[PDB]
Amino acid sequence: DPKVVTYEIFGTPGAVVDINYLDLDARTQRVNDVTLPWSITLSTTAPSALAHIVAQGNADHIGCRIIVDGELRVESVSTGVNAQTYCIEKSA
C-alpha cells in the first residue's frame, strides 16, 4: 500500500499564513493565504521520501507536524510575533 504523508499547520485558529511544502515528487509547492488549522495529505508508492514544510503569517503561535502512515514523525511549535514554523522529516 502507498505511503501516506500528512502535513499539519496549527496554533492560532483563524490566523492566515503562507506555506511551502515538499510534495512526494520532491517538488516544492506554494500555498498563500491559508486559514489555520490546515493540513494536506499526499501519497506515494516510493518506500522512502523527503518531507518538509514551512509556514508563516499573522499567527503569534504556530506549529507543524509531519505524520507518516498515521505515525507522528516530527513536531515543532513556535511563539512570537508573526512566527515561522518549520518541520523536516528526512526519511518519511
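From 1 onward, residues are counted along the sequence shown.
A.B. asks: Which of the two stretches, 23-31 or 62-70, shows the higher mean Cα temperature factor in the record?
C.D. replies: Between 23-31 and 62-70, it is 23-31.
A.B. asks: For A92, does the deposited CA B-factor place it in the lowest, middle or highest third of the chain?
C.D. replies: Top third by C-alpha B-factor.
A.B. asks: If you rank every modelled residue in this chain by C-alpha B factor, which third holds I9: lowest, middle or highest?
C.D. replies: For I9, the deposited C-alpha B-factor lands in the lowest third.
A.B. asks: Per the entry's values, where does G57 land by CA temperature factor relative to the rest of its chain, in the lowest, middle or highest third?
C.D. replies: Within its chain, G57 is a middle-third residue by C-alpha B-factor, going by the deposited values.
A.B. asks: Using the B-factor values recorded in the entry, state whether the Cα atom of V17 falls in the lowest, middle or highest third among the modelled residues of its chain.
C.D. replies: For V17, the deposited C-alpha B-factor lands in the middle third.
A.B. asks: Splitting the chain's C-alpha B-factors into thirds, which one does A49 fall into?
C.D. replies: According to the entry, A49 has a C-alpha B-factor in the chain's highest third.
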